[PDB]
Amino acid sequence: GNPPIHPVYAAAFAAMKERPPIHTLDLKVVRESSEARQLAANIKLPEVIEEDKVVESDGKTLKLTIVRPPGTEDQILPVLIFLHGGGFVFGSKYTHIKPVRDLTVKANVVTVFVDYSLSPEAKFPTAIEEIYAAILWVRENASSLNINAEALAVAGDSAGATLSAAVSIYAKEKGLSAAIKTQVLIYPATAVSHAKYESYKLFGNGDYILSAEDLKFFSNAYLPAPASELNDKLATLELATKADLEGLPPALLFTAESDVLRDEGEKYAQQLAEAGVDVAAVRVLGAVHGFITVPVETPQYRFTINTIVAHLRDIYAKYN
């Protein structure tokens, strides 16, 4: 309830302690709401070739961003489906620009960024259905995207990690069980009830970046009913049966040491292994929730990027 955190994370929270709770803000705090604050960061970014597209698939209209390294336009690449965090309420290609551009050039892939519908304007399960539809589209247009559509991965942070895990189950229930070759899950949310876990108590009182109070706001925005009445594993992953999880694609899971969602994340890792799924799971020491989008580099930001890149290249090599 009290180990040390890296000074960069401590400095970032202290600046945040001044602000009002979230339910008392105009949701066009999306604009400042670090599109602006992240541009002000001034951080180093690697050169990239970026392109936006608007398409139709499986009965939906989608917006996508396609990101590729320089000098690879004529080369056929593996593909990464990236799902951003933000509590289901915020986030865009501007807020997550640093980890997306880093993964793309270091792994040497084509990244498809899915700009899914945000809550509370949309609710469960619209985004899961959009992400399934985008996956179908990428398989249909591999030749025009210059990718090997069989070498495919899904990866995301926070709420994006929750979506990566659910669309892996959804795709299987639709008869598409061989499409996704790996799932990368960076501090996901999984629980019907969070107060069951010790980390909720230790880090949820408002002195760390993601509070028990913040969590209650995001759940109400995302869910169309209370989780206990909803009783749906695609909404709350913790409910998944051994049968639900059997045959899922190999997983890589990260958890943060000082994070209310820590223990429920580690419990889902255990659930996947019981069902026979290949799982590599680690707890990262000194880190807090959301650290992959923190602009000032730390030893754990660098470790996590490099470690994901090596896992992706290990998986992709089996399909070339």
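Each residue number is its position in the shown sequence, starting from 1.
- When the mean C-alpha temperature factors of 118-126 and 138-146 are read from the deposited coordinates, 138-146 comes out higher.
- The PDB entry records a higher mean C-alpha B factor for 68-76 than for its counterpart among 68-76 and 81-89.
- Highest CA B-factor among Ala273, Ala251, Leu45, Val284, as stated in the entry: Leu45.
- Looking only at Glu198, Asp102, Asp244, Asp157, the residue with the top Cα B factor in the deposited structure is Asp244.
- Among the modelled residues of the chain, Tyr9 sits in the middle third by CA temperature factor in this PDB entry.
- In this PDB entry, the Cα temperature factor of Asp263 sits in the bottom third of its chain's modelled residues, the lowest group.
- The PDB entry assigns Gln38 a C-alpha temperature factor belonging to the highest third of its chain's modelled residues.
- Ranked by C-alpha B-factor against the other modelled residues of its chain, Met16 falls in the highest third.
- For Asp278, the recorded CA B-factor ranks within the middle third of the chain. Only modelled residues enter the ranking.
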